[PDB]
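To keep things clear, I will list the structure first and then write my remarks on it.
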Amino acid sequence: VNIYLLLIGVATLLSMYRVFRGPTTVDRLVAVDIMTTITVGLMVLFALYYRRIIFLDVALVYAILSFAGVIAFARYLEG
Amino acid sequence: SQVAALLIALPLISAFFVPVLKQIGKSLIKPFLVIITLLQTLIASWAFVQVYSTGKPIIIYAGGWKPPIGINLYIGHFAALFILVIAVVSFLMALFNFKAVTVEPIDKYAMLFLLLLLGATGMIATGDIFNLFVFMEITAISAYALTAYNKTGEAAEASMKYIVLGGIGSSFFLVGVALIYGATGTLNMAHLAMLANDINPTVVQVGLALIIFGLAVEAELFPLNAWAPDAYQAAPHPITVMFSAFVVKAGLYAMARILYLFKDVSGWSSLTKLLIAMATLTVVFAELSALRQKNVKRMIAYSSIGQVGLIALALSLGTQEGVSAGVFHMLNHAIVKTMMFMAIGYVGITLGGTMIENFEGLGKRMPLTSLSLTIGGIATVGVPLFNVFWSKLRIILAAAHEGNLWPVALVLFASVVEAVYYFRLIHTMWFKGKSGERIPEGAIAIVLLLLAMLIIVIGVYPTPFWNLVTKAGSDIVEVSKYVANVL
Amino acid sequence: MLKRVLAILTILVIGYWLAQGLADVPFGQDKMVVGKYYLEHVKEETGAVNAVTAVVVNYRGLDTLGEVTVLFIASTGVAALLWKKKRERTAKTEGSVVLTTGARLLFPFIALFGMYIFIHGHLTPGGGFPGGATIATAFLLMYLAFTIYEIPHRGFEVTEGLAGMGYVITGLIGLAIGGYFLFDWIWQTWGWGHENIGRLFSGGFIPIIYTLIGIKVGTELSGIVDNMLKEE
Amino acid sequence: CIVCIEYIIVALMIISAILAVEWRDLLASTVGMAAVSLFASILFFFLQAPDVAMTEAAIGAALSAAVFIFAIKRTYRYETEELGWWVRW
Amino acid sequence: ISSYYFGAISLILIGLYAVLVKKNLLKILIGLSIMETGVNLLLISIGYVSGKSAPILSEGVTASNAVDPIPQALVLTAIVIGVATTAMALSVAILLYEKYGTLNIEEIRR
Amino acid sequence: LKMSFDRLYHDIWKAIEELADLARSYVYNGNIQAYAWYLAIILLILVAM
């Protein structure tokens, strides 16, 4: 209930290396798109931590609004 | 009575009914704006004669929840007067813009104008600091969208600096709201002023300084002004009035409201000693940057900033003999600056543009619209028995007991400079003409002139109008009769 | 190097000034001087067991109204700033076919779910605005995965103004008695009211105002991205 | 833990704030803006207010970041800071 | 100081820093949006009581144990304030490159 | 008669009038970041209390 939280924090700051460095224009984009799903899996995890039934109601809404963003970021790159 | 709560709801329902009738035709679009602002003058006049009937304001509730847990619209003796004057100025704008702005898509301009009227009657009726912020952002985005509405490059950039500066000021204002709430925990100004004497002396200083700061940015003094003599230069001609008449007064009142809501704490005296200094720094710079000015719309745009700076000069000096006379400038300069941007607007729509070269020669060429600019430019220095003379005398005598002779010799210095760039303008339109083109314009030859006869009657009879601002100063002078008339 | 370092100095003294000004309380309990009344009187005075949906539409009742005023003014402002009577797409540069069919079938999957957000401001958090913004997201998915997808404008902004009117007509027919007075749960005006307290009979007045405001803000951002994706 | 992941999220928001304005590529600036909306939504949720978290999720993730690159579409993509004969003049 | 106070004031700090020193116009709008994001982050982080926590349940969780019901209503408008102001300013950012020829604040001469 | 006062007052007014052209171009720029710097300066004065 507690150890997983620090593991996900380790995961997200370990994914920070791709958005700080990385010379291309789209490695930052693959950095943010994976950063949303790990934090969605974080947002489901805190429903166990605070024992609340309503905290899953934000997680699926954020599971939409990553996907629209990463289509929109990767549509001007093609047209 | 809450029956007079239609100062916000009626502009709201009509601004949500105008995109409903935008596809039903083209005819009754622009005449839908005139009948509603006439109804706005009616609902304003109801509140106006009901406020000055008794000695009690209408505590327009936000439902079945008594303050401070809800929103109160303290429509005081101040508020009914200013809602009345903005109703009559907006009705003067609606019968003006019917045949002067049709170059561009007026299909959606009507709702933008009426939402500015909504932000008007919201800003000078607000009781919550949250509602204060929300109505100010309504007026702000109204101005973002409406100073940009010409799409000509020089007008496109004219909004840009204002949208980024009003964005940073609204940001700072929310930080100040978060800090005043962070000490107290309350929001309504009735429960705020009775509490803000011993909340924390080191927390209320930064919060009050940033609140006065972020509320100043949408208004104008010295740093956060130069978008305004860029907005009047590049906008539709009717909204240059409604900005220069209204939006400066709501910002300067709500700044001078909330400043006189915390008049017990330490560090407040240095805040009003800054606000004096910045108001004096803006009566000099604005009214002296118009001296070597070429564009005549800019030559009045700089003048409108210099008149609001001396409103700020007496709105935060003391408590009396000048706050109740500072309102005597706000309800008076709106009328004379309604006259200015009428005549500039009618020149720019009849001849074309606002350059002096196409402004020169209006003595014989133009009718008494040029006399309206004459009798308006006479009344900013206030030379004859006129109304700005009475009001500026009240403001200069206000700067006697506290903050004297340096915050006089700059505002009163500017009226020497403002004496120059008007009679370098009235001379080159009456006695340089050499061009007899009749060009008849008898559609405002009566309406602007009945306005021009409204400044000639207040010029000889101030005491039927100066008795109003004595009882209309009672909303800003104190806190105790304000609070006890809420709770 | 002069401008950046000097800005870092002044912004460090700004941040230090705010941090010294943030010495009110280290995240303590003693904050609610009026805020306890919002919590202890929310289950019986409005009906919505939600805390935030009762304070912002009933208690601070003129603040979601200024909010929809701000969003409607953003729509009419962007529409006034971009107006050319031609309104064509860019080059449309198709690109993929698991994208068009991908957002095709997924478009009613967000249309079902965005409505679920604004109908439920009772046990679920939020209100009308996340549901309306993800309805606009569904509009954007069909707008950024097709070659035209021009929803007809004549007949589009009509329902936006109709939904804002539907807010204000609850204020104006709410003026049949007093300021707001909810018109719906405390007097049997059109139907019943106050059945139990949980999701039975939709609480009080707060759901239908969120359907109407969610419909308004749902057609809000979709119109903005519509008239901003139009070239000559 | 309790406070360590909070310090991780807040320093990640700061390092995605500083690097949101250091870049010249504006599509990369939209990436940095979207990551700031990410960490703001996570911090809203971790500070236990889910209403603002899901509203800022539906606003800042693909209606503020995906409206901005939507505006740089028919505009610049670089800073365009420029070698040259008549340059930096 | 707590991490929320410093992080919300440093987001406002970086949003303020991206208005002064930066020269491209859309970078300035990025600073405006970042600063509004940090502002509403501070607006939430005023009332956390460090403890009892369920703002919206009121069924499984007892009352008088929720967090700060005042600023959650202050932030529900003040976020979409920012996206409406940004959507308004982006139109001007499009018009300034359409009518003029560039988007740098030292080159836009009327 | 070589030291008139008609010349001196025209000198002092032309100095004020060219200062009027001076303050017009200095404070009122097209640089947006100049007004941002003005806002940061007056905010710095509010820091100084």
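The way I read the labels, and the way they are meant: chains A, B, ... in the order of the structure tokens, residue 1 as the first residue of every chain, and ligand 1 as the first ligand shown, with later ones counted on from there.
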
Margin query: At a cut-off of 9 Å, using only C-alpha atoms, what residues contact residue 139 in chain B? Leave out same-chain residues fewer than 2 positions from it and give the result as a ChimeraX atom specification.
Written below: /B:115-120,123,134-137,141-144,247

Please produce, as JSON lines, a per-residue contact table for chain A versus chain E (criterion: any atom at most 10 Å away, only C-alpha atoms considered), showing the nearest atom pair and its distance in Å to one decimal, sorted by chain then residue number.
{"residue": "A:50", "atom": "CA", "partner": "E:53", "partner_atom": "CA", "distance": 8.3}
{"residue": "A:51", "atom": "CA", "partner": "E:54", "partner_atom": "CA", "distance": 9.8}
{"residue": "A:52", "atom": "CA", "partner": "E:54", "partner_atom": "CA", "distance": 7.8}
{"residue": "A:53", "atom": "CA", "partner": "E:57", "partner_atom": "CA", "distance": 8.5}
{"residue": "A:54", "atom": "CA", "partner": "E:57", "partner_atom": "CA", "distance": 7.5}
{"residue": "A:55", "atom": "CA", "partner": "E:56", "partner_atom": "CA", "distance": 9.9}

Write the selection just made, keeping N, CA and C atoms, as a PDB file, in the first residue's frame?
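Final output, saved to part_23.pdb:
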ATOM      1  N   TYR A  50      -5.999   6.317   0.077  1.00  0.00           N
ATOM      2  CA  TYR A  50      -6.954   7.143   0.798  1.00  0.00           C
ATOM      3  C   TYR A  50      -8.292   6.453   0.998  1.00  0.00           C
ATOM      4  N   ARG A  51      -8.445   5.234   0.466  1.00  0.00           N
ATOM      5  CA  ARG A  51      -9.624   4.375   0.638  1.00  0.00           C
ATOM      6  C   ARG A  51     -10.899   5.020   0.104  1.00  0.00           C
ATOM      7  N   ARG A  52     -10.793   5.801  -0.968  1.00  0.00           N
ATOM      8  CA  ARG A  52     -11.927   6.553  -1.482  1.00  0.00           C
ATOM      9  C   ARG A  52     -12.414   5.990  -2.806  1.00  0.00           C
ATOM     10  N   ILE A  53     -13.735   5.890  -2.935  1.00  0.00           N
ATOM     11  CA  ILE A  53     -14.335   5.354  -4.146  1.00  0.00           C
ATOM     12  C   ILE A  53     -14.369   6.372  -5.274  1.00  0.00           C
ATOM     13  N   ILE A  54     -14.149   7.649  -4.972  1.00  0.00           N
ATOM     14  CA  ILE A  54     -14.280   8.699  -5.969  1.00  0.00           C
ATOM     15  C   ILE A  54     -12.962   9.022  -6.647  1.00  0.00           C
ATOM     16  N   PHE A  55     -11.855   8.474  -6.157  1.00  0.00           N
ATOM     17  CA  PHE A  55     -10.559   8.842  -6.698  1.00  0.00           C
ATOM     18  C   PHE A  55     -10.227   8.095  -7.978  1.00  0.00           C
TER      19      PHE A  55
END

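The spacing separating CA of residue 58 in chain B from CA of residue 38 in chain C amounts to 24.9 Å.
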
Find the nearest atom pair between each residue of chain B and chain C for residues within 7 Å, count only C-alpha atoms, give distances in Å to one decimal, sort rows by chain and ascending number, and present the table as CSV.
residue,atom,partner,partner_atom,distance
B:2,CA,C:179,CA,6.3
B:13,CA,C:165,CA,6.1
B:16,CA,C:161,CA,4.8
B:17,CA,C:161,CA,6.5
B:19,CA,C:158,CA,6.3
B:20,CA,C:158,CA,5.1
B:23,CA,C:154,CA,6.4
B:61,CA,C:179,CA,6.1
B:62,CA,C:179,CA,5.7
B:63,CA,C:179,CA,4.2
B:64,CA,C:181,CA,5.8
B:69,CA,C:34,CA,6.6
B:70,CA,C:59,CA,5.2
B:71,CA,C:60,CA,5.9
B:105,CA,C:80,CA,6.9
B:108,CA,C:76,CA,6.4
B:112,CA,C:73,CA,6.7
B:131,CA,C:63,CA,6.4
B:134,CA,C:66,CA,6.0
B:135,CA,C:66,CA,6.5
B:138,CA,C:70,CA,5.6
B:142,CA,C:73,CA,6.8
B:145,CA,C:77,CA,4.8
B:149,CA,C:81,CA,6.1
B:182,CA,C:24,CA,6.8
B:183,CA,C:24,CA,6.0
B:185,CA,C:32,CA,5.4
B:186,CA,C:34,CA,5.9
B:202,CA,C:21,CA,6.6
B:203,CA,C:21,CA,5.3
B:206,CA,C:21,CA,6.3

Exercise. Using only C-alpha atoms, determine which residues of chain B fall within 7 Å of chain F; present them as a PyMOL selection string.
Key: chain B and resi 161+209+223-224+226+285+288-289+291-292

(Q) Taking 6 positions as the minimum chain separation for residues in the same chain, which residues sit within 8 Å of residue 59 in chain A when counting only C-alpha atoms? Answer as a list in words. (A) residues 40, 43 and 44 of chain A; 54 of chain D

Could you please select, counting only C-alpha atoms, the residues of chain C within 12 Å of chain D and state them as a short mmCIF file (atom, residue, chain, number, x, y, z; two decimals) with N, CA, C and O atoms, in the first residue's frame?
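Dumped everything to out_21.cif:
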data_model
loop_
_atom_site.label_atom_id
_atom_site.label_comp_id
_atom_site.auth_asym_id
_atom_site.auth_seq_id
_atom_site.Cartn_x
_atom_site.Cartn_y
_atom_site.Cartn_z
N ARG C 4 19.35 38.21 -17.96
CA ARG C 4 18.94 36.97 -17.32
C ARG C 4 19.35 36.94 -15.86
O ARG C 4 18.53 36.59 -14.99
N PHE C 27 0.42 24.79 7.22
CA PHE C 27 -0.59 23.84 6.75
C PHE C 27 -1.51 23.36 7.88
O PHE C 27 -1.97 22.22 7.88
N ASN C 50 -22.15 16.55 -2.47
CA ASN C 50 -20.94 17.20 -2.97
C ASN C 50 -20.74 18.54 -2.27
O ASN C 50 -21.70 19.26 -1.99
N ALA C 51 -19.48 18.86 -2.00
CA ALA C 51 -19.18 20.13 -1.33
C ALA C 51 -19.05 21.26 -2.34
O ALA C 51 -19.59 22.35 -2.13
N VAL C 52 -18.35 21.01 -3.45
CA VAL C 52 -17.97 22.12 -4.30
C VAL C 52 -19.10 22.50 -5.26
O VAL C 52 -19.22 23.66 -5.65
N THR C 53 -19.97 21.56 -5.61
CA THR C 53 -21.04 21.91 -6.53
C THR C 53 -22.15 22.70 -5.86
O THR C 53 -22.93 23.36 -6.55
N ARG C 89 -10.20 24.37 -44.87
CA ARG C 89 -9.22 23.61 -44.11
C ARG C 89 -7.82 23.84 -44.70
O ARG C 89 -7.65 24.53 -45.70
N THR C 90 -6.82 23.23 -44.07
CA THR C 90 -5.44 23.64 -44.33
C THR C 90 -4.85 23.05 -45.61
O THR C 90 -4.71 23.75 -46.61
N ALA C 91 -4.52 21.76 -45.58
CA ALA C 91 -4.19 21.01 -46.79
C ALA C 91 -4.73 19.59 -46.65
O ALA C 91 -4.81 18.84 -47.63
N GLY C 114 -18.56 11.85 -21.42
CA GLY C 114 -18.58 13.26 -21.07
C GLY C 114 -19.91 13.70 -20.52
O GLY C 114 -19.98 14.58 -19.65
N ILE C 117 -20.13 12.75 -16.82
CA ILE C 117 -19.46 13.63 -15.88
C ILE C 117 -20.38 14.76 -15.43
O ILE C 117 -20.54 14.99 -14.23
N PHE C 118 -21.02 15.45 -16.37
CA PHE C 118 -21.80 16.59 -15.91
C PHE C 118 -23.18 16.21 -15.39
O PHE C 118 -23.83 17.06 -14.77
N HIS C 120 -23.51 13.89 -13.17
CA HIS C 120 -23.18 13.44 -11.83
C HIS C 120 -22.27 14.46 -11.17
O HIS C 120 -21.05 14.38 -11.28
N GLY C 121 -22.88 15.43 -10.50
CA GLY C 121 -22.16 16.31 -9.61
C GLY C 121 -22.64 16.08 -8.19
O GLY C 121 -22.66 17.00 -7.37
N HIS C 122 -23.04 14.85 -7.90
CA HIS C 122 -23.63 14.50 -6.61
C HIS C 122 -22.71 13.63 -5.77
O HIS C 122 -22.38 13.98 -4.63
N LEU C 123 -22.29 12.48 -6.30
CA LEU C 123 -21.33 11.64 -5.60
C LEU C 123 -19.97 11.66 -6.27
O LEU C 123 -18.96 11.40 -5.61
N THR C 124 -19.93 11.96 -7.50
CA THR C 124 -18.70 12.11 -8.25
C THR C 124 -18.21 13.55 -8.16
O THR C 124 -19.01 14.48 -8.06
N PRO C 125 -16.90 13.77 -8.18
CA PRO C 125 -16.38 15.14 -8.19
C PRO C 125 -16.56 15.79 -9.55
O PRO C 125 -17.01 15.17 -10.52
N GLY C 126 -16.21 17.07 -9.61
CA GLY C 126 -16.17 17.78 -10.87
C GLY C 126 -17.23 18.84 -11.05
O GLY C 126 -17.19 19.88 -10.39
N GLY C 127 -18.16 18.59 -11.94
CA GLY C 127 -19.19 19.54 -12.29
C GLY C 127 -19.43 19.52 -13.78
O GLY C 127 -19.18 18.51 -14.45
N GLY C 128 -19.92 20.63 -14.31
CA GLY C 128 -20.19 20.70 -15.73
C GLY C 128 -18.98 20.92 -16.60
O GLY C 128 -19.03 20.60 -17.79
N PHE C 129 -17.90 21.44 -16.04
CA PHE C 129 -16.79 21.90 -16.86
C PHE C 129 -15.84 20.81 -17.35
O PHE C 129 -15.45 20.87 -18.52
N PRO C 130 -15.42 19.81 -16.55
CA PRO C 130 -14.64 18.71 -17.15
C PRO C 130 -15.43 17.89 -18.15
O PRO C 130 -14.86 17.48 -19.17
N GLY C 131 -16.72 17.67 -17.91
CA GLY C 131 -17.53 16.94 -18.87
C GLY C 131 -17.75 17.72 -20.16
O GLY C 131 -17.73 17.16 -21.25
N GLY C 132 -17.94 19.03 -20.04
CA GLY C 132 -18.07 19.85 -21.23
C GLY C 132 -16.77 19.95 -22.00
O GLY C 132 -16.77 19.96 -23.24
N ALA C 133 -15.64 19.98 -21.29
CA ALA C 133 -14.35 20.07 -21.96
C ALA C 133 -13.99 18.76 -22.64
O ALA C 133 -13.34 18.76 -23.69
N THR C 134 -14.41 17.62 -22.08
CA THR C 134 -14.15 16.37 -22.78
C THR C 134 -15.19 16.07 -23.85
O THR C 134 -14.91 15.28 -24.76
N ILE C 135 -16.37 16.70 -23.79
CA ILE C 135 -17.25 16.70 -24.95
C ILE C 135 -16.60 17.48 -26.09
O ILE C 135 -16.61 17.05 -27.25
N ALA C 136 -15.96 18.61 -25.75
CA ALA C 136 -15.17 19.34 -26.73
C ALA C 136 -13.96 18.54 -27.20
O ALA C 136 -13.53 18.69 -28.35
N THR C 137 -13.41 17.68 -26.34
CA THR C 137 -12.33 16.79 -26.75
C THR C 137 -12.81 15.77 -27.78
O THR C 137 -12.10 15.47 -28.74
N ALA C 138 -14.01 15.22 -27.57
CA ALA C 138 -14.60 14.31 -28.55
C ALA C 138 -14.86 15.02 -29.87
O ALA C 138 -14.61 14.46 -30.95
N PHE C 139 -15.31 16.28 -29.80
CA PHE C 139 -15.44 17.10 -30.99
C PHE C 139 -14.09 17.31 -31.66
O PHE C 139 -14.00 17.32 -32.89
N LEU C 140 -13.03 17.43 -30.86
CA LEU C 140 -11.69 17.63 -31.42
C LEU C 140 -11.14 16.36 -32.04
O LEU C 140 -10.36 16.41 -32.99
N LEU C 141 -11.51 15.20 -31.48
CA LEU C 141 -11.07 13.93 -32.06
C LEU C 141 -11.69 13.71 -33.42
O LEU C 141 -11.03 13.25 -34.36
N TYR C 143 -12.58 16.19 -35.18
CA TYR C 143 -12.10 17.33 -35.95
C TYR C 143 -10.65 17.21 -36.36
O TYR C 143 -10.23 17.88 -37.31
N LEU C 144 -9.85 16.39 -35.67
CA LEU C 144 -8.45 16.22 -36.02
C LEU C 144 -8.18 14.82 -36.55
O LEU C 144 -7.05 14.34 -36.54
N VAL C 217 -20.81 24.72 -22.10
CA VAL C 217 -19.36 24.63 -22.19
C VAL C 217 -18.92 23.46 -23.07
O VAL C 217 -17.76 23.40 -23.48
N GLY C 218 -19.84 22.55 -23.40
CA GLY C 218 -19.53 21.50 -24.35
C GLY C 218 -19.42 22.02 -25.77
O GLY C 218 -18.51 21.63 -26.51
N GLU C 220 -18.64 25.01 -26.35
CA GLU C 220 -17.82 26.20 -26.22
C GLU C 220 -16.50 26.04 -26.96
O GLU C 220 -16.23 26.73 -27.95
N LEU C 221 -15.65 25.11 -26.50
CA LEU C 221 -14.31 24.99 -27.05
C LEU C 221 -14.32 24.35 -28.43
O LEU C 221 -13.38 24.57 -29.21
N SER C 222 -15.37 23.59 -28.75
CA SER C 222 -15.50 23.02 -30.08
C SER C 222 -15.67 24.10 -31.13
O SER C 222 -15.11 24.01 -32.23
N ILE C 224 -14.42 27.11 -30.77
CA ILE C 224 -13.15 27.83 -30.80
C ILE C 224 -12.16 27.12 -31.72
O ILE C 224 -11.53 27.74 -32.59
N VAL C 225 -12.03 25.80 -31.56
CA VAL C 225 -11.12 25.07 -32.43
C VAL C 225 -11.66 24.98 -33.85
O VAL C 225 -10.89 24.85 -34.81
N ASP C 226 -12.99 25.12 -34.02
CA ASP C 226 -13.57 25.15 -35.36
C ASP C 226 -13.15 26.39 -36.12
O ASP C 226 -12.57 26.30 -37.20
N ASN C 227 -13.42 27.57 -35.56
CA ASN C 227 -13.07 28.77 -36.30
C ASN C 227 -11.60 29.15 -36.18
O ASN C 227 -11.19 30.16 -36.76
N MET C 228 -10.80 28.37 -35.45
CA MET C 228 -9.36 28.54 -35.52
C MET C 228 -8.68 27.53 -36.43
O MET C 228 -7.49 27.70 -36.74
N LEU C 229 -9.37 26.48 -36.86
CA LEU C 229 -8.88 25.62 -37.94
C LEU C 229 -9.54 25.98 -39.27
O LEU C 229 -10.15 25.14 -39.92
N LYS C 230 -9.44 27.24 -39.68
CA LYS C 230 -10.01 27.67 -40.95
C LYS C 230 -9.02 28.62 -41.60
O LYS C 230 -8.72 29.69 -41.06
N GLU C 231 -8.49 28.21 -42.75
CA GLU C 231 -7.62 29.09 -43.53
C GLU C 231 -8.47 29.89 -44.51
O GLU C 231 -9.70 29.94 -44.41
N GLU C 232 -7.81 30.54 -45.46
CA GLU C 232 -8.49 31.21 -46.56
C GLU C 232 -9.25 30.23 -47.45
O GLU C 232 -10.41 29.92 -47.19
#

- Please provide the set of residues having any atom within 9 Å of residue 42 in chain E, restricted to only C-alpha atoms, with same-chain residues fewer than 6 positions apart removed, written as a ChimeraX atom specification. /B:175,178 /E:4-5,7-9,12

Residues near range 17-29 of chain D, cut-off 10 Å, only C-alpha atoms, skip fewer than 2 positions along chain, as a ChimeraX atom specification: /A:19-20,24-29,73-74,76-77 /D:11-15,31-36,65,68-70,72-73,76-81 /E:10-15,17-19,22,24,26-28,30-31,34-35

**OP:** Identify all chain E residues at most 9 Å from chain C by counting only C-alpha atoms; ligands do not count. Present them as number ranges by chain.
**Re:** E: 1-2, 5-6, 9-10, 13-14, 16-17, 20-21, 45-51, 55-59, 63-66, 68-70, 72-74, 76-78, 80-81, 83-85, 87-92, 95

Between CA of residue 230 in chain B and CA of residue 102 in chain B lies a distance of 22.0 Å

query: Interatomic distance between CA of residue 476 in chain B and CA of residue 277 in chain B?
result: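 Here the two named atoms are 21.0 Å from each other.
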
Within 8 Å of chain C, which residues of chain A show up when using only C-alpha atoms, listed as a compact mmCIF listing (two decimals) with N, CA and C atoms, in the first residue's frame?
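See iface_37.txt below for the written result:
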# COMPACT_ATOMS: atom_id res chain seq x y z
N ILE A 54 -14.15 7.65 -4.97
CA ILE A 54 -14.28 8.70 -5.97
C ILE A 54 -12.96 9.02 -6.65
N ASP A 57 -12.44 8.26 -10.31
CA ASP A 57 -13.22 9.03 -11.27
C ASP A 57 -12.38 10.10 -11.95
N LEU A 65 -7.45 12.18 -21.73
CA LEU A 65 -6.94 13.47 -22.18
C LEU A 65 -5.43 13.46 -22.41
N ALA A 68 -5.79 12.35 -26.62
CA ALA A 68 -6.12 13.47 -27.48
C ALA A 68 -4.94 14.41 -27.66
N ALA A 72 -2.82 15.22 -31.11
CA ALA A 72 -2.73 16.60 -31.57
C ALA A 72 -1.29 17.08 -31.68
N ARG A 75 0.08 15.36 -35.02
CA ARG A 75 -0.68 15.52 -36.25
C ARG A 75 -0.17 16.69 -37.08
N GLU A 78 2.77 15.60 -39.20
CA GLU A 78 2.43 15.06 -40.50
C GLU A 78 1.57 16.00 -41.33
N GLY A 79 0.62 16.69 -40.72
CA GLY A 79 -0.25 17.60 -41.44
C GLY A 79 -1.69 17.52 -40.99

*Would you mind writing down, as a PyMOL selection string, each residue of range 27-90 of chain B that DSSP on the backbone assigns to alpha helix (DSSP H)?*
chain B and resi 31-51+77-90

Q) Closest to residue 94 in chain E among D:47, D:10, D:75, D:2, using only C-alpha atoms? A)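 Using only C-alpha atoms, residue 94 in chain E sits closest to D:75.
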